[PDB]
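The chain that follows stands alone, in the form deposited in one PDB entry, written as structure tokens.
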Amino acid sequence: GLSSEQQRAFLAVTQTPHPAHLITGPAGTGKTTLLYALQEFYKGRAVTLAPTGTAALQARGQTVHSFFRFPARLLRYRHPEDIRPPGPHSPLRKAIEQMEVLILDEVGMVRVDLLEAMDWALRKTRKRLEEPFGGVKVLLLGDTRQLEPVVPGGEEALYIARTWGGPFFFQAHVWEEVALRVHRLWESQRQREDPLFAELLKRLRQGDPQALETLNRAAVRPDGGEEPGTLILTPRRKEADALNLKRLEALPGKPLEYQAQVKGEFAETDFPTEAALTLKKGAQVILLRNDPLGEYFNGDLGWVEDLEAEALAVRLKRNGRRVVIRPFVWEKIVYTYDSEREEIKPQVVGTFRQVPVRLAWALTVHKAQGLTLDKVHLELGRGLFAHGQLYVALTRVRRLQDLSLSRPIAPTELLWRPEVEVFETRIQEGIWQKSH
């Protein structure tokens, strides 16, 4: 039951020889739902990828990293150590050579280096080094007014600025070779039954301070988090930890502590999960790693059923199956920048071994992007720090009734990237063409 604008985007995308399209629009316009119809249309022919585990599951695909086997680190431009082509008789080479279209959801969260590595990997594997993405038609979907890519500090941030001039997908050099045809969606599907709330979100997207003041007097209820069926969103992992502790201590089960093993240089701020992870039976959790056997993936929500030494059972929300979780290793990578040479080099400096589990009554705004949630409580904590973060938090629910805030938000807290503004204005013509 697609809408007039969705069916229009579908026809414009599926029924043209042009290899590079972008379907963009505000949160909840039905971009991912249009992606399902694209999956039904081509459907060996397509490969659906997303930047995050949560967005990957929402779109019924897998992460860009796990498909291409990219390392969890900076992907230097067309570097052979970072972008390694698959084996001569491997299933990955077979899928890449047989590929016809590639559907990339939540493209706003795809960092420039990741998009460039997808281009080069398809070119090297397909031996079509002259044409963008190896001749694969790319169907990109997302919203640059939602969360910007994650850029850590140090030499990695400097390399991105020097190579592309910024981290956004639209800053990739491939857009000099091919043009991006932009198809836009405007009608709110997620809040289609609350048109007043939809219009308030539309004004908040444009940074309207009157909208913000109205949001405050309508949604500020500090006790909204303690209500049933409510997911708490927070900017930082550490704040979700404190909120998840309260709900953990209220469970009647015996608790079991999972102690991590940390080696070399690994800072506690960098831990994917708690070093002393306490869990109880019945706890809401989210999984952080893909199962090597394929039973669970990064982003899978579920509930603890059994707690044992170095092993626990989780009942998945996605399919109601029972999966057993064992410890995984995480590498900490640091970038050195040799002085005599013009080059940057990665090096592993420490490891973290722990069960890939995190309590999931409270989650970061990053883990929520793409989801339609029944009820959300935003805990501001020490404040908003990423562009698009507040917008993502507020647009997850269908009705204004389903949303609550821990405290009022000031207009000075709203972040805006000028690169996004110039992009959003140039694509109003319908084409994104890069300069140089």
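Counting begins at 1, following the sequence as shown.
The next section is about a form of this same protein that is not shown, the form deposited in another entry.
For the conformational change between this form and the one not shown, the C-alpha atoms of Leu35 and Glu199 are both best fitted by the same rigid part's superposition. A shift of at least 3 angstroms brings the Cα atoms of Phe271 and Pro71 nearer to each other in that other deposited form than in the displayed structure. Distance between the C-alpha atoms of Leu158 and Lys263: longer in that other deposited form than here (change of 3 Å or more).
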